[PDB]
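Just below is one structure, and these are the notes that go with it.
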Amino acid sequence: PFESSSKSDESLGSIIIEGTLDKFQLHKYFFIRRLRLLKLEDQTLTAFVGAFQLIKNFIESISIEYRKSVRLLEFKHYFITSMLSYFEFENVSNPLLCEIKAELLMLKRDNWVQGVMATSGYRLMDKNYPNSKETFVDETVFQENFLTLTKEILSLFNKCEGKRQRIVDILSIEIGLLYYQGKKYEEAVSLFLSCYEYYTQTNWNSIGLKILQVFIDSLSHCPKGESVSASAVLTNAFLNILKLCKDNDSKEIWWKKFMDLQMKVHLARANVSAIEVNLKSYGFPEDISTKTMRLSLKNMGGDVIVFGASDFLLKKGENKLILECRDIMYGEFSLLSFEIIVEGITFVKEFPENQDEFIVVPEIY
Amino acid sequence: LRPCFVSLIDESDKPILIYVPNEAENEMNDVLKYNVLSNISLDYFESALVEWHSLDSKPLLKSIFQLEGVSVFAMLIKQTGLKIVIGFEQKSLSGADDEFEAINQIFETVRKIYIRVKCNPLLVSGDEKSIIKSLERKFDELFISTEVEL
């Protein structure tokens, strides 16, 4: 003799529709806690998301008037006692770290509480507090200490679930303020700053355009596949692709060669600024093949050293070039002075082998 | 009544435009927070057993979230793989249901604006540059610039 969850949801809606009382939604909180203790061992977590929506409506009830620790402190205190989401069910072999997501949201609420209420500094440089008393952080250095301990314990514990790759792919990629809050040389924290910064370059840009802004200060005034001299140049000289403004703020266009101005070893590059397009290859003087090439221009400087290539069906011919082209404008007549002919352009010479362009760091295409 | 950003992502998980109103003429650098909120919602597509979708007839306004000063959600139509999201600033938030269906219907207005500008053949091969400026130029009057209409 029982009734299902539809009567529970309809009775919750009818108890919400009952009005004119003057409580702090205790009539809602009674049925919310009863539905919470009815919604624990289901291994479902959707009614835990409904409990999170109940916590959101309670947060809006506290947030109807909460400002400047006159009642913002009351709203943060009500949320810190409303951390019974973390303090009701907490078990291993549960339904995949929904408590870790809820504790992450509650840690965001507590970080907002510490960064609000007459607080100094900014752990995340956030200013999430706009214009408007648990006492866990009694000092500014202790504010960084008590929160980086919080944001590292709650980082990979949410990765214990099924593979979402959601928070620690971003927030543990947000360890810029973990050591470069004030301390300059982040060689200790070089695991994500200047190691795998391309995961937002391969994703959508302008996130990594500030991540690489602090992935150069670990090598701007600091010395000593973690062995390099200037081989961190994909983040230094090949950061001009994400640098949309080059004619303004040309310190991203000066330091590409100023890092190499006292260089010395090679690498690869995309040549995604200067495009290259072919043309009608003609004939020339004695043993001069002389293909025709057109090259674009988006980088600043000149005086390259380059050659073209064209593989046959057996061996490469490497139909060379003058290697002093000095590309300044688009679609210019590159000379492509080519010798050592592989059988008079034998028609299986399909132009597949790349047209590199080296300025001590090679740029294959 | 005013969104705090407008974000557009297609089916390849490539963000089309993370548009923020009023980054010039007003406060900068919170756009650096705005696009990483968009990326948090992008890898927060479905996580920790929370399901937004149960009605397959029309894709309605799905599950609200709230995170570090904003209130975001998602509206996956599932038609041509469009994954567009809108946040709102929590500081001016009344939390009603006509508000909830109001932001549902203005989500369908920005859906209408994208599907109008998607098939304008007055300029053809508008897919990389000034299609974005044109759609921003159709964004920035539907929620703001009402100040002089009267």
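Following the order of the structure tokens, first chain is A, next is B, and so on, with residues numbered from 1 inside each chain and ligands from 1 in the order they appear.
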Give one line per residue of chain B that approaches chain A to at most 7 Å, naming the two atoms of the closest pair and their distance in Å to one decimal, counting only C-alpha atoms; sort by chain then ascending residue number and deliver it as JSON lines.
```
{"residue": "B:14", "atom": "CA", "partner": "A:204", "partner_atom": "CA", "distance": 6.6}
{"residue": "B:15", "atom": "CA", "partner": "A:204", "partner_atom": "CA", "distance": 6.3}
{"residue": "B:32", "atom": "CA", "partner": "A:207", "partner_atom": "CA", "distance": 6.6}
{"residue": "B:36", "atom": "CA", "partner": "A:207", "partner_atom": "CA", "distance": 7.0}
{"residue": "B:40", "atom": "CA", "partner": "A:166", "partner_atom": "CA", "distance": 6.6}
{"residue": "B:43", "atom": "CA", "partner": "A:166", "partner_atom": "CA", "distance": 4.8}
{"residue": "B:44", "atom": "CA", "partner": "A:166", "partner_atom": "CA", "distance": 5.8}
{"residue": "B:47", "atom": "CA", "partner": "A:164", "partner_atom": "CA", "distance": 6.0}
{"residue": "B:48", "atom": "CA", "partner": "A:98", "partner_atom": "CA", "distance": 5.3}
{"residue": "B:49", "atom": "CA", "partner": "A:45", "partner_atom": "CA", "distance": 6.0}
{"residue": "B:50", "atom": "CA", "partner": "A:46", "partner_atom": "CA", "distance": 5.4}
{"residue": "B:51", "atom": "CA", "partner": "A:46", "partner_atom": "CA", "distance": 6.9}
{"residue": "B:68", "atom": "CA", "partner": "A:128", "partner_atom": "CA", "distance": 6.1}
{"residue": "B:69", "atom": "CA", "partner": "A:128", "partner_atom": "CA", "distance": 5.6}
```
Take the residues from that selection and put them in a file with N, CA, C and O atoms, as a PDB file, in the first residue's frame.
```pdb
ATOM      1  N   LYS B  14      33.011  23.290 -31.636  1.00  0.00           N
ATOM      2  CA  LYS B  14      33.740  24.493 -31.968  1.00  0.00           C
ATOM      3  C   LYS B  14      32.853  25.685 -31.656  1.00  0.00           C
ATOM      4  O   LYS B  14      31.750  25.786 -32.210  1.00  0.00           O
ATOM      5  N   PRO B  15      33.248  26.543 -30.719  1.00  0.00           N
ATOM      6  CA  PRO B  15      32.480  27.762 -30.452  1.00  0.00           C
ATOM      7  C   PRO B  15      32.451  28.725 -31.617  1.00  0.00           C
ATOM      8  O   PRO B  15      33.490  29.138 -32.133  1.00  0.00           O
ATOM      9  N   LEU B  32      37.190  37.222 -20.286  1.00  0.00           N
ATOM     10  CA  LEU B  32      38.085  36.115 -19.981  1.00  0.00           C
ATOM     11  C   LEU B  32      37.475  35.158 -18.972  1.00  0.00           C
ATOM     12  O   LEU B  32      37.821  33.973 -18.952  1.00  0.00           O
ATOM     13  N   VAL B  36      35.484  31.130 -20.413  1.00  0.00           N
ATOM     14  CA  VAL B  36      35.803  29.900 -19.704  1.00  0.00           C
ATOM     15  C   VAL B  36      34.600  29.380 -18.928  1.00  0.00           C
ATOM     16  O   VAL B  36      34.532  28.175 -18.680  1.00  0.00           O
ATOM     17  N   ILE B  40      33.361  25.672 -19.444  1.00  0.00           N
ATOM     18  CA  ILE B  40      32.856  24.854 -18.339  1.00  0.00           C
ATOM     19  C   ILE B  40      31.511  24.239 -18.697  1.00  0.00           C
ATOM     20  O   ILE B  40      31.289  23.046 -18.478  1.00  0.00           O
ATOM     21  N   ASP B  43      32.294  21.413 -21.565  1.00  0.00           N
ATOM     22  CA  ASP B  43      32.624  20.080 -21.068  1.00  0.00           C
ATOM     23  C   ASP B  43      31.685  19.634 -19.951  1.00  0.00           C
ATOM     24  O   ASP B  43      31.822  18.514 -19.449  1.00  0.00           O
ATOM     25  N   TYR B  44      30.722  20.478 -19.587  1.00  0.00           N
ATOM     26  CA  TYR B  44      29.658  20.165 -18.647  1.00  0.00           C
ATOM     27  C   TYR B  44      28.372  19.912 -19.442  1.00  0.00           C
ATOM     28  O   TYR B  44      27.286  20.379 -19.100  1.00  0.00           O
ATOM     29  N   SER B  47      27.123  15.441 -17.122  1.00  0.00           N
ATOM     30  CA  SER B  47      28.098  15.023 -16.126  1.00  0.00           C
ATOM     31  C   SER B  47      27.386  14.795 -14.805  1.00  0.00           C
ATOM     32  O   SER B  47      26.476  15.547 -14.439  1.00  0.00           O
ATOM     33  N   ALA B  48      27.842  13.748 -14.099  1.00  0.00           N
ATOM     34  CA  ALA B  48      27.354  13.311 -12.779  1.00  0.00           C
ATOM     35  C   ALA B  48      25.848  13.044 -12.774  1.00  0.00           C
ATOM     36  O   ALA B  48      25.132  13.498 -11.877  1.00  0.00           O
ATOM     37  N   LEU B  49      25.376  12.368 -13.835  1.00  0.00           N
ATOM     38  CA  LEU B  49      24.073  11.682 -13.908  1.00  0.00           C
ATOM     39  C   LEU B  49      22.891  12.654 -13.926  1.00  0.00           C
ATOM     40  O   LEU B  49      21.751  12.277 -13.652  1.00  0.00           O
ATOM     41  N   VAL B  50      23.148  13.913 -14.273  1.00  0.00           N
ATOM     42  CA  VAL B  50      22.115  14.942 -14.314  1.00  0.00           C
ATOM     43  C   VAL B  50      21.643  15.091 -15.752  1.00  0.00           C
ATOM     44  O   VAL B  50      22.407  15.533 -16.614  1.00  0.00           O
ATOM     45  N   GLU B  51      20.381  14.748 -16.006  1.00  0.00           N
ATOM     46  CA  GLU B  51      19.831  14.745 -17.356  1.00  0.00           C
ATOM     47  C   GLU B  51      18.900  15.931 -17.537  1.00  0.00           C
ATOM     48  O   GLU B  51      17.965  16.119 -16.753  1.00  0.00           O
ATOM     49  N   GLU B  68      29.465  31.084  -9.630  1.00  0.00           N
ATOM     50  CA  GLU B  68      30.362  32.236  -9.326  1.00  0.00           C
ATOM     51  C   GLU B  68      29.888  33.581  -9.881  1.00  0.00           C
ATOM     52  O   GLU B  68      30.662  34.376 -10.418  1.00  0.00           O
ATOM     53  N   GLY B  69      28.595  33.847  -9.728  1.00  0.00           N
ATOM     54  CA  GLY B  69      28.036  35.138 -10.043  1.00  0.00           C
ATOM     55  C   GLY B  69      27.126  35.178 -11.253  1.00  0.00           C
ATOM     56  O   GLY B  69      26.513  36.217 -11.504  1.00  0.00           O
TER      57      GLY B  69
END
```
*Exercise: residue 213 (chain A) partners within 10 Å, only C-alpha atoms, chain neighbours under 4 positions left out, as a ChimeraX atom specification*: /A:193,208-209,217,235-236,239
Write the selection just made, keeping C-alpha atoms, as a compact mmCIF listing (two decimals), in the first residue's frame?
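For reference, part-v9.txt as written:
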```
# COMPACT_ATOMS: atom_id res chain seq x y z
CA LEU A 193 51.31 26.55 -17.53
CA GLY A 208 44.99 30.50 -24.21
CA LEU A 209 45.88 34.08 -25.25
CA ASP A 217 57.17 34.82 -17.55
CA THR A 235 54.82 29.31 -27.27
CA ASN A 236 57.15 32.28 -27.90
CA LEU A 239 52.28 32.40 -30.58
```
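Closest to residue 136 (chain A) among A:287, A:10, A:110, A:343 is A:110, based on only C-alpha atoms.
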*Write out as a VMD selection string which residues come within 10 Å of region 57-64 of chain B when counting only C-alpha atoms, dropping same-chain ones fewer than 5 positions away.*
(chain A and resid 49 53 56) or (chain B and resid 50 to 52 71 to 79 87 100 to 105 107 to 108)
Produce a file of the selected residues containing N, CA, C and O atoms, as a compact mmCIF listing (two decimals), in the first residue's frame.
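New file selection_36.txt:
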```
# COMPACT_ATOMS: atom_id res chain seq x y z
N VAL A 49 19.74 16.33 -8.17
CA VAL A 49 19.72 17.59 -8.92
C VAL A 49 18.47 18.42 -8.61
O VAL A 49 18.52 19.65 -8.63
N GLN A 53 18.27 22.07 -7.06
CA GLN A 53 17.35 23.13 -7.44
C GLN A 53 16.60 23.70 -6.24
O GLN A 53 16.30 24.90 -6.21
N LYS A 56 19.02 25.90 -4.76
CA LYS A 56 19.09 27.12 -5.56
C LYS A 56 17.94 28.07 -5.25
O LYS A 56 18.14 29.29 -5.19
N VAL B 50 23.15 13.91 -14.27
CA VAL B 50 22.12 14.94 -14.31
C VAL B 50 21.64 15.09 -15.75
O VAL B 50 22.41 15.53 -16.61
N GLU B 51 20.38 14.75 -16.01
CA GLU B 51 19.83 14.74 -17.36
C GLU B 51 18.90 15.93 -17.54
O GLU B 51 17.97 16.12 -16.75
N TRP B 52 19.15 16.72 -18.59
CA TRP B 52 18.35 17.89 -18.88
C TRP B 52 17.16 17.58 -19.79
O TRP B 52 16.15 18.29 -19.75
N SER B 71 24.17 32.88 -13.90
CA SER B 71 23.15 31.83 -13.92
C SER B 71 23.01 31.35 -15.36
O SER B 71 22.38 32.03 -16.18
N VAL B 72 23.57 30.19 -15.66
CA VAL B 72 23.62 29.69 -17.02
C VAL B 72 22.68 28.50 -17.15
O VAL B 72 22.18 27.96 -16.17
N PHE B 73 22.45 28.08 -18.39
CA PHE B 73 21.63 26.92 -18.73
C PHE B 73 22.04 26.45 -20.12
O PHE B 73 23.09 26.83 -20.63
N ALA B 74 21.20 25.62 -20.73
CA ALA B 74 21.42 25.18 -22.10
C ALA B 74 20.08 24.94 -22.77
O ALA B 74 19.05 24.81 -22.11
N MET B 75 20.09 25.03 -24.11
CA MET B 75 18.89 24.82 -24.96
C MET B 75 19.31 24.02 -26.20
O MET B 75 19.48 24.64 -27.26
N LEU B 76 19.45 22.70 -26.06
CA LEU B 76 19.88 21.87 -27.22
C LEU B 76 18.65 21.45 -28.03
O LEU B 76 17.92 20.55 -27.57
N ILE B 77 18.46 22.09 -29.19
CA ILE B 77 17.32 21.80 -30.12
C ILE B 77 17.47 20.39 -30.68
O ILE B 77 16.42 19.76 -30.93
N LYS B 78 18.72 19.99 -30.95
CA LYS B 78 19.17 18.69 -31.53
C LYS B 78 18.94 18.73 -33.04
O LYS B 78 19.17 17.70 -33.72
N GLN B 79 18.52 19.89 -33.54
CA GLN B 79 18.30 20.14 -34.96
C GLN B 79 19.57 20.80 -35.45
O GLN B 79 20.06 21.73 -34.80
N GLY B 87 23.82 32.73 -20.45
CA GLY B 87 23.83 33.00 -19.03
C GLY B 87 23.11 34.28 -18.68
O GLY B 87 22.82 35.12 -19.53
N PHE B 100 11.12 32.45 -16.41
CA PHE B 100 11.71 31.21 -16.91
C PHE B 100 11.20 30.90 -18.33
O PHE B 100 11.99 30.64 -19.24
N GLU B 101 9.90 31.04 -18.54
CA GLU B 101 9.40 30.90 -19.90
C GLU B 101 9.68 32.12 -20.76
O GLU B 101 9.70 32.00 -21.99
N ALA B 102 9.96 33.28 -20.15
CA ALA B 102 10.36 34.45 -20.91
C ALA B 102 11.76 34.29 -21.49
O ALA B 102 12.02 34.66 -22.64
N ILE B 103 12.67 33.70 -20.71
CA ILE B 103 13.99 33.47 -21.26
C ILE B 103 14.00 32.25 -22.17
O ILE B 103 14.83 32.18 -23.08
N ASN B 104 13.03 31.33 -22.00
CA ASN B 104 12.76 30.30 -23.00
C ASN B 104 12.36 30.90 -24.35
O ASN B 104 12.91 30.51 -25.40
N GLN B 105 11.43 31.86 -24.35
CA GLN B 105 11.00 32.40 -25.64
C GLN B 105 12.03 33.35 -26.24
O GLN B 105 12.15 33.39 -27.47
N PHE B 107 15.17 32.83 -25.92
CA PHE B 107 16.10 31.86 -26.46
C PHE B 107 15.62 31.39 -27.83
O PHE B 107 16.42 31.17 -28.75
N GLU B 108 14.31 31.26 -28.00
CA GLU B 108 13.84 30.96 -29.34
C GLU B 108 13.90 32.15 -30.29
O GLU B 108 14.00 31.94 -31.50
```
Quick check for you: according to DSSP on this backbone, which residues of region 14-128 of chain B are classed as strand (DSSP E)? Reply as a PDB file with N, CA and C atoms, in the first residue's frame.
```pdb
ATOM      1  N   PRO B  15      33.248  26.543 -30.719  1.00  0.00           N
ATOM      2  CA  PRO B  15      32.480  27.762 -30.452  1.00  0.00           C
ATOM      3  C   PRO B  15      32.451  28.725 -31.617  1.00  0.00           C
ATOM      4  N   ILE B  16      31.235  29.047 -32.051  1.00  0.00           N
ATOM      5  CA  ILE B  16      31.058  29.921 -33.203  1.00  0.00           C
ATOM      6  C   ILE B  16      31.372  31.357 -32.820  1.00  0.00           C
ATOM      7  N   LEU B  17      30.750  31.835 -31.746  1.00  0.00           N
ATOM      8  CA  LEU B  17      31.050  33.143 -31.181  1.00  0.00           C
ATOM      9  C   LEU B  17      30.638  33.141 -29.718  1.00  0.00           C
ATOM     10  N   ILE B  18      31.570  33.498 -28.846  1.00  0.00           N
ATOM     11  CA  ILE B  18      31.264  33.787 -27.454  1.00  0.00           C
ATOM     12  C   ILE B  18      31.108  35.298 -27.380  1.00  0.00           C
ATOM     13  N   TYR B  19      29.915  35.792 -27.680  1.00  0.00           N
ATOM     14  CA  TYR B  19      29.671  37.225 -27.709  1.00  0.00           C
ATOM     15  C   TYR B  19      29.361  37.710 -26.306  1.00  0.00           C
ATOM     16  N   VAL B  70      27.023  34.094 -12.019  1.00  0.00           N
ATOM     17  CA  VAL B  70      26.132  34.063 -13.171  1.00  0.00           C
ATOM     18  C   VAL B  70      25.148  32.917 -13.004  1.00  0.00           C
ATOM     19  N   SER B  71      24.167  32.880 -13.901  1.00  0.00           N
ATOM     20  CA  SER B  71      23.152  31.832 -13.925  1.00  0.00           C
ATOM     21  C   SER B  71      23.008  31.354 -15.362  1.00  0.00           C
ATOM     22  N   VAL B  72      23.573  30.193 -15.664  1.00  0.00           N
ATOM     23  CA  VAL B  72      23.619  29.689 -17.019  1.00  0.00           C
ATOM     24  C   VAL B  72      22.679  28.499 -17.153  1.00  0.00           C
ATOM     25  N   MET B  75      20.094  25.034 -24.105  1.00  0.00           N
ATOM     26  CA  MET B  75      18.893  24.824 -24.959  1.00  0.00           C
ATOM     27  C   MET B  75      19.306  24.018 -26.196  1.00  0.00           C
ATOM     28  N   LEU B  76      19.454  22.697 -26.061  1.00  0.00           N
ATOM     29  CA  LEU B  76      19.883  21.875 -27.225  1.00  0.00           C
ATOM     30  C   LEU B  76      18.652  21.449 -28.030  1.00  0.00           C
ATOM     31  N   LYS B  83      24.280  23.973 -30.471  1.00  0.00           N
ATOM     32  CA  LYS B  83      24.451  23.910 -29.023  1.00  0.00           C
ATOM     33  C   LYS B  83      24.721  25.343 -28.584  1.00  0.00           C
ATOM     34  N   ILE B  84      23.661  26.102 -28.365  1.00  0.00           N
ATOM     35  CA  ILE B  84      23.767  27.499 -27.980  1.00  0.00           C
ATOM     36  C   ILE B  84      23.320  27.631 -26.535  1.00  0.00           C
ATOM     37  N   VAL B  85      23.998  28.496 -25.781  1.00  0.00           N
ATOM     38  CA  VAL B  85      23.748  28.670 -24.354  1.00  0.00           C
ATOM     39  C   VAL B  85      23.684  30.157 -24.033  1.00  0.00           C
ATOM     40  N   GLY B  87      23.816  32.732 -20.451  1.00  0.00           N
ATOM     41  CA  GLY B  87      23.830  33.005 -19.034  1.00  0.00           C
ATOM     42  C   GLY B  87      23.105  34.284 -18.682  1.00  0.00           C
ATOM     43  N   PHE B  88      22.806  34.427 -17.397  1.00  0.00           N
ATOM     44  CA  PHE B  88      22.294  35.671 -16.849  1.00  0.00           C
ATOM     45  C   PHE B  88      23.012  36.032 -15.565  1.00  0.00           C
ATOM     46  N   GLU B  89      23.159  37.337 -15.369  1.00  0.00           N
ATOM     47  CA  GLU B  89      23.727  37.870 -14.143  1.00  0.00           C
ATOM     48  C   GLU B  89      22.752  37.665 -12.995  1.00  0.00           C
TER      49      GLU B  89
END
```
*Identify, on the basis of only C-alpha atoms, every residue whose closest approach to residue 268 (chain A) does not exceed 8 Å; exclude the query and any residue fewer than 6 positions from it along the same chain; express the result as a list in words.*
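Result of the neighbour search: residues 361, 362, 363 and 364 of chain A.
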*Which parts of region 23-118 of chain B does DSSP call alpha helix (DSSP H) when run on the backbone here, written out as a PyMOL selection string?*
chain B and resi 31-42+97-118
*With a distance cut-off of 9 Å and only C-alpha atoms, select the neighbouring residues of region 111-113 of chain B, excluding the residue or stretch itself and same-chain residues fewer than 2 positions from it, and output the selection as a list in words.*
residues 84, 106, 107, 108, 109, 115, 116, 117, 118, 135, 138 and 139 of chain B
